[PDB]
Structures are given as C-alpha cells and as structure tokens.
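*Asks:* Next up is a structure, given as structure tokens.
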Amino acid sequence: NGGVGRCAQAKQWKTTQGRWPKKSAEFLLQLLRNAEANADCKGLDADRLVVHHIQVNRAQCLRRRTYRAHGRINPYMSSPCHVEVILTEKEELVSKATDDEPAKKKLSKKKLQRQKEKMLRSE
Amino acid sequence: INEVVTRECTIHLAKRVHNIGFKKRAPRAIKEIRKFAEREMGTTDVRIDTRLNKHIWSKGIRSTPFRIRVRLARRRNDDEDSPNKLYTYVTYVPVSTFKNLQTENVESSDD
RNA sequence: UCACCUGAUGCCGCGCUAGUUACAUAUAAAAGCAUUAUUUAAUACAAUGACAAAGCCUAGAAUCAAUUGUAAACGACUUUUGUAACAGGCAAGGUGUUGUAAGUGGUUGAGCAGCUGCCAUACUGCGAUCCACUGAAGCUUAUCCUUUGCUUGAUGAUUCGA
RNA sequence: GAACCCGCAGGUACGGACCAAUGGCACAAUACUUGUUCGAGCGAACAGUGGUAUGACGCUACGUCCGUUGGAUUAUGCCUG
RNA sequence: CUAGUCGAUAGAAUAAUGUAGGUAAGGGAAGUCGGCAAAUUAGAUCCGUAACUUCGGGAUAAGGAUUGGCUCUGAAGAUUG
RNA sequence: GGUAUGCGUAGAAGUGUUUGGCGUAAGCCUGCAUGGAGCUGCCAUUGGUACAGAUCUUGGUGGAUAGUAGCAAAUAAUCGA
RNA sequence: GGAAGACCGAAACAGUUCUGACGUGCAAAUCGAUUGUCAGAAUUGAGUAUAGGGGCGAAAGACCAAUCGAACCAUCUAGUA
C-alpha cells in the first residue's frame with residue numbers, strides 16, 4: 001500500500017494511491033494474447049469472453065549481490081511471478097433450488113384447519 | 001478535413017522556458033517544442049528535423065534565440081501503418097527582422 | 001402540505017347503540033383425562049420484499065484525463081471551453097527595462113605615415129572615441145494591462161438512482 | 001508636589017497580516033569587459049554564475065496597515081436587620 | 001588545435017531542512033569557549049620604512065601614490081665600415 | 001532376543017483433517033485424501049531416548065519494503081537515419 | 001658575481017583547523033575547502049639483511065601484513081572457574 005503517495009485518477013477505485021507499472025503491464029499484455037490466441041483454436045468468438053479468475057504468486061528468488069559498509073554483503077533478490085488466467089464466456093450464477101421435509105400424523109393437520117379451514121381467512 | 005495542411009508558425013520560446021534552470025534550458029526547448037507543436041496541431045509523433053538543431057544549439061545551451069519561425073508540416077505517414085497516421089514535420093526558416101511578421105498558412109503542399 | 005370554520009356542492013337517510021322477552025340455527029369436544037412444550041399462531045395490524053400482475057410520472061450529473069493559475073512536496077482547491085459572445089496561439093498598441101544598436105555618413109580626433117605633387121597644397125587605405133539619422137535597440141508573461149487586426153477550435157474516456 | 005479621576009496625543013514588546021511607495025535579494029534580460037577560438041563585423045560563444053552596475057514580477061523586513069466588548073461575582077467597602 | 005571521451009539511472013518538479021557557490025541598506029564582535037567558518041589584502045614598478053638585534057635582520061614591515069585601450073617620439077645591437 | 005497359525009501392491013511408515021471416540025493427562029485407537037515398500041501390540045532386556053528456551057549451531061522466511069531506504073561527486077547531452 | 005639544511009609557490013609528498021560534506025559511505029580512513037616544507041635530516045622503483053618474549057624504533061610502548069603492553073597458525077586443549 002505505500003509509500004506510493006497520491007495520484008488523482010484512482011478515485012474510480014475510491015482510495016487515492018496508484019501507479020502505472022511499465023514492466024508489469026508489458027508482461028500481461030502479451031500473455032493476454034497468449035490467452036487470447038487459445039480460444040481461437042477452440043473456435044469461440046472472443047467478444048463474449050470476460051476475465052474469470054486471475055491470481056499471481058511468487059517463485060524461486062535469485063541472489064545477486066550488493067557491497068556495503070565496513071566490508072560486508074547483503075542480497076539483492078528480485079522475486080519473480082507466475083501469472084495464471086482463465087477466460088470464461090458470459091455465463092450465469094446460481095443460488096440453489098431447495099426442498100423441505102414434513103412428517104405429518106394424526107394431530108398436526110387440524111391446527112392448520114383451525115386457522116385455514118374452519119376459520120375462513122379473507123385475502 | 002484534409003488536415004495535411006502546412007502553416008508558417010511563429011514562436012515565443014523563452015516565454016515557454018522560464019521556470020527551468022539553465023543547463024537544461026535548452027535541451028528542454030526541444031522537448032517543449034513537443035508541446036508547442038501539438039497544442040496547435042493535436043497530432044503526436046513530432047519528428048523534429050535536424051535542421052532545427054543547428055539554430056537551437058547555435059548559441060549553445062544558455063539561450064536559444066527567442067524567436068524561431070518553424071514550418072508546421074502535418075505530413076501523412078507513407079508507411080509503417082501504426083494506428084497513428086498524421087505526424088508533423090518541422091524545418092527552419094531563418095527570417096530575422098521580427099516586428100509584425102504575421103503567422104499564417106499560405107504554403108504549397110510540396111516545398 | 002397539514003387539522004378548524006365557512007362559500008357551497010349534495011340528499012347516507014348505506015351502517016346506529018342500549019334494556020326486556022320470544023324464535024331460526026350454524027359452529028364449537030386435540031382419550032389429552034397427574035396434556036402442555038424446540039409454546040402454535042390464524043384473525044387483525046403494520047412492516048415488507050419478490051414474482052407476472054395495477055394506472056400513473058420521468059427526460060441528468062459527477063469523475064479524473066486536458067486545462068488554467070487566485071493554489072502547489074504531491075492530491076486537493078478556483079476556473080474554462082456558441083461554427084466561436086470565448087478559449088488559445090500571434091502580431092499590434094500601452095506599460096515598463098537597460099541607456100541611444102547595427103547601418104552608413106560625419107569637422108570626430110592624440111596624430112602619424114603614403115601623395116602632401118608646382119601649381120590647387122589634396123585623398124586617406126590608417127584613427128582609441130565622439131556626433132547625426134536616435135530616448136535607438138533588444139528585452140515585456142513565462143505567475144502584465146489592452147483587441148473590433150490575425151489565425152487556429154467541437155469528434156474524448158469512467159462512474160452513479162432516492 | 002498630586003503627570004490626581006479623565007480626555008488628548010504618542011511610544012514598547014509580542015500578536016495577525018499585506019507591498020503603493022523605500023530598503024534589501026536579482027528577468028544571469030541587458031550596457032561597458034579581460035583570456036581563447038569562432039578569418040575579419042554581431043553576440044554575451046565556453047571559464048561548472050567569469051567579475052562589475054543598474055534592474056522590473058514577485059517574495060520579504062528595516063517598511064507598511066491594523067488588534068475588542070458583554071455578564072457573574074472573590075479582596076473589599078457599605079445596604080437593611 | 002592535436003588525440004579521445006559524454007562513462008557515472010532516467011524523462012520530469014520549484015516543499016522544508018540539508019548539501020556546496022553567493023550578495024544584503026544601518027552599525028561593525030555586541031555574538032560565542034574563543035575572531036572559528038567567512039571578508040578586506042593580494043601581481044609589478046616608484047618611494048617610503050619603527051622599536052630589538054648575535055648587526056646576516058625584523059623587511060613584502062608598516063604607511064602611500066601609481067597601473068586600460070588607442071596614437072607616438074627617446075633609448076639597448078649585428079653584418080658590409 | 002523371545003512371542004501373537006501378526007496385518008502388507010485387494011495399499012504397509014510418515015503427512016495433512018470442518019469424519020467419529022476413548023485418559024485425570026502424556027499419548028493411541030478410527031474415517032477420508034495423498035503416498036509406493038515395508039511396519040507395529042503383549043513380556044523379558046536396554047541406547048547417542050521425548051525441547052519454546054541456551055547474545056544456542058544450520059537451512060528456508062517474515063513484517064519495515066518486497067518496493068520504502070536511496071543508486072546526488074568528475075560541467076551536459078542532442079534531435080534525424 | 002649566485003653560495004647557504006634561507007623564502008612565497010606546482011606535479012612529489014604529507015595531513016592542520018573547519019571539530020563542515022556521507023558516518024547501513026566512495027571507503028574496515030576517503031572526498032571537498034583550507035595549511036606546511038619544496039634543492040636536502042629531502043622524495044623513492046627494484047635487489048638484500050634483521051625474527052615471537054624478539055626485530056626495529058630522530059622514542060609514541062609507534063610499527064611487524066585491516067591484529068602490537070607481545071602477534072600471527074596446529075597442538076599438550078572438550079585446558080580451569
């Protein structure tokens with residue numbers, strides 16, 4: 001989160017810290033063609049695609065070196081990323097279709113008849 | 001609509017270049033040509049031709065002479081069919097008597 | 001908008017209640033008989049929301065980007081955009097600012113040299129500076145004032161409902 | 001010898017600000033200028049701001065313009081008892 | 001000039017404080033441990049030079065004047081006399 | 001070393017666990033999911049036997065930052081191909 | 001007439017005051033301003049001597065390979081508390 005101090009445009013994202021990461025937006029731009037050039041094998045028209053599900057993890061760091069005060073050494077590890085993307089079509093979402101369990105016997109139906117049958121309910 | 005037009009501009013350049021120090025004035029004054037072009041043109045890849053260097057780096061870094069007469073030539077990109085197609089061509093017109101030398105466009109489209 | 005009175009429309013006379021007496025009934029019983037138990041819930045009240053149902057009313061902003069400059073470490077904050085009242089680039093006027101350019105020409109001169117010629121005693125090619133054309137000249141909004149002169153000009157994206 | 005009560009004039013320190021004038025700092029814009037290259041004539045060409053003098057926008061202090069009125073009630077005097 | 005380099009992360013931006021280069025009207029050590037950072041002086045010619053001296057100094061003492069550019073005359077030589 | 005005609009590619013050891021349970025408690029038993037070749041219970045013995053610690057040794061890994069600190073000395077780079 | 005361990009000064013070296021610049025540096029001692037000698041007790045490349053309770057020291061217990069009131073490296077050394 002910071003220290004990236006401000007920039008103006010991120011008010012569409014409602015908290016005012018943002019950046020424009022040149023190297024981080026190269027490597028997804030080709031990759032989102034390396035995604036976009038795989039549904040065309042499958043014959044799907046790509047307009048009806050939207051981004052489904054996307055995460056980014058870490059990986060095996062390097063070790064370059066830096067040289068510092070009084071003679072000593074500290075690592076300079078730049079830590080790479082894996083980028084994983086799945087692109088689905090314009091689908092739906094579902095809640096559930098549910099059912100209920102009764103178990104009726106001799107002395108439970110009449111109370112329903114006491115409020116529905118013998119007493120005529122006006123709608 | 002044609003927009004290949006070619007005007008005979010004029011410029012104040014020191015007025016563009018207060019609030020910068022010297023030693024960057026004036027190789028600022030050619031990356032503040034690239035705002036001076038497109039505020040009158042709109043188009044993007046302002047290819048500054050090498051004739052304009054030998055009057056801007058003429059006195060040296062300390063002062064560009066305060067008044068140039070650049071020819072804005074919005075010339076179409078013949079090839080390299082990138083999404084941009086209209087770029088501007090600049091040259092150098094070394095007139096020297098600057099009082100009432102009016103800015104205009106009467107310029108045939110093949111000089 | 002709201003309760004009250006009144007101008008006055010109209011005619012509910014739709015439905016009132018009490019006391020005594022008679023009548024036509026329908027309904028109403030969950031052996032549960034030391035029964036309650038995670039105590040229903042209908043009615044009704046309001047709260048609702050959803051679904052196809054129900055008529056009506058309705059015809060915008062914000063947000064950055066791009067600006068500008070009364071703001072400024074950034075963001076925020078003041079503004080701006082008519083086929084052009086303006087924005088905006090220029091020129092032009094005015095304000096100032098060093099002091100009087102280059103260009104010629106000059107009685108402008110310390111003089112020294114060339115011919116100083118035979119007479120006219122001359123031309124300068126030399127001359128630091130001074131004088132005229134000259135309060136000239138360049139600078140002037142970038143964080144100036146001025147427009148009836150001159151040209152440029154709209155076609156973006158992104159969010160939001162009681 | 002009442003700087004009595006008060007009125008008048010002023011002044012100190014901080015306090016809040018602005019810039020018309022005046023002080024500062026410099027449009028490193030411009031005039032005289034040394035050294036070197038630009039062949040000679042313009043420049044301010046480069047000496048990490050050559051040095052010099054005046055110098056407008058601002059910004060600033062040494063300058064400027066400003067900074068006040070209601071209500072309880074101690075100390076206390078009295079009021080009536 | 002001759003040879004060779006732009007190699008020190010970048011385009012941008014005028015906040016403090018810091019980092020180094022500065023000038024600031026008055027007075028000029030009050031400042032602070034203390035004249036320490038910092039300012040004047042600086043080259044050369046012409047004088048003009050104090051006390052103490054081992055008579056070699058102190059001596060650049062201090063205390064001063066003078067210093068462009070441009071136009072000229074006066075002087076310091078060599079060979080053939 | 002004795003032992004249970006001990007289970008074991010028709011899934012044995014550890015690894016996870018929002019399956020289930022026994023103890024006062026240390027600890028097991030159990031289901032599913034990996035996994036691929038060996039394992040435990042009674043009773044005799046016994047060894048370098050159970051770890052939160054030692055400014056503990058070694059190997060991953062945090063927050064700060066995983067994008068802050070700062071990459072500011074050597075005049076300074078520039079358009080077009 | 002140009003002698004002296006004579007003077008102001010430059011690459012050679014030194015390292016003073018600022019107690020200024022970084023003090024997770026440019027660095028296990030350096031950069032930038034300042035200051036001293038500068039024709040000899042000067043400055044220095046190579047060769048060679050000198051050895052751990054000693055070498056060497058225009059003398060501080062400095063220096064002896066980033067260690068110096070005794071190094072530096074393996075042991076008697078899992079030395080004792």
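*Asks:* Name the residues in the stretch A:26-44 that are in a loop (DSSP other than H, G, I, E, B) and either within 9 Å of A:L87 (Cβ to Cβ) or among the aliphatic types (A, V, I, L, M) (or both), would you?
*Replies:* If we filter the stretch A:26-44 for residues that are in a loop (DSSP other than H, G, I, E, B), which is where we start, we get A:35-44.
Listed by number, the residues that qualify are A:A35, A:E36, A:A37, A:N38, A:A39, A:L44.
*Asks:* Shifting gears a bit: Considering only the stretch B:41-64, state which residues are free of Cβ contacts under 8 Å to residues at least 24 places away in the same chain and within 11 Å of RNA strand C (Cβ to nearest atom).
*Replies:* Of everything in the stretch B:41-64, just one residue is free of Cβ contacts under 8 Å to residues at least 24 places away in the same chain and within 11 Å of RNA strand C (Cβ to nearest atom), namely B:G42.
*Asks:* Turning to a different aspect of this structure: Mind checking whether some residue in the stretch A:82-93 is surrounded by 10 or more Cβ atoms within 10 Å (Cβ to Cβ), away from chain B (no Cβ under 14 Å) and within 16 Å of RNA strand F (Cβ to nearest atom)?
*Replies:* The answer is yes; a qualifying residue exists.
*Asks:* Let me ask you something else. Note down all Cβ pairs under 8 Å where the first residue falls in the stretch B:10-24 and is within 17 Å of B:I68 (Cβ to Cβ) and touching a residue at least 12 places away in the same chain (Cβ under 8 Å), the second is part of a loop (DSSP other than H, G, I, E, B) and within 16 Å of RNA strand G (Cβ to nearest atom), and they're at least six residues apart or on different chains.
*Replies:* Pairs found: none.
*Asks:* Please verify whether B:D78 is over 15 Å from B:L13 (Cβ atoms) and either within 14 Å of chain A (Cβ to nearest Cβ) or in contact with a strand residue (DSSP E or B) (Cβ under 7 Å, 6 or more places away or on another chain) (or both), treating the condition exactly as stated. Give the derivation first.
*Replies:* Numbers: over 15 Å from B:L13 (Cβ atoms): yes; either within 14 Å of chain A (Cβ to nearest Cβ) or in contact with a strand residue (DSSP E or B) (Cβ under 7 Å, 6 or more places away or on another chain) (or both): no.
It is false that B:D78 is over 15 Å from B:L13 (Cβ atoms) and either within 14 Å of chain A (Cβ to nearest Cβ) or in contact with a strand residue (DSSP E or B) (Cβ under 7 Å, 6 or more places away or on another chain) (or both).
*Asks:* For the stretch A:40-73, how many residues are under 30 Å from A:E89 (Cβ atoms) and either touching a residue at least 12 places away in the same chain (Cβ under 8 Å) or within 16 Å of RNA strand G (Cβ to nearest atom) (or both)? Give the steps one after another, and end with the answer.
*Replies:* Within the stretch A:40-73, the subset under 30 Å from A:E89 (Cβ atoms) is A:40-57.
Those still in the list that are either touching a residue at least 12 places away in the same chain (Cβ under 8 Å) or within 16 Å of RNA strand G (Cβ to nearest atom) (or both) too: A:44, A:48-57.
Here the count works out to 11.
*Asks:* Let me ask something else about it. Could you list, in sequence order, the residues of the stretch A:1-55 that are in contact with a helix residue (DSSP H, G or I) (Cβ under 8 Å, 6 or more places away or on another chain) and of a type in the set (A, V, I, L, M)? Break it down stepwise before answering.
*Replies:* Initially, the stretch A:1-55 is screened for residues in contact with a helix residue (DSSP H, G or I) (Cβ under 8 Å, 6 or more places away or on another chain), giving A:16-18, A:36, A:39-40.
Once the filter is applied, which keeps residues that are in contact with a helix residue (DSSP H, G or I) (Cβ under 8 Å, 6 or more places away or on another chain) and of a type in the set (A, V, I, L, M), the stretch A:1-55 yields only A:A39.
Note: ideal-geometry Cβ built from the backbone for every residue, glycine included; neighbour counts use all protein chains shown. Read-outs throughout are calculated quantities, based only on the coordinates presented, and are distinct from any laboratory measurement.
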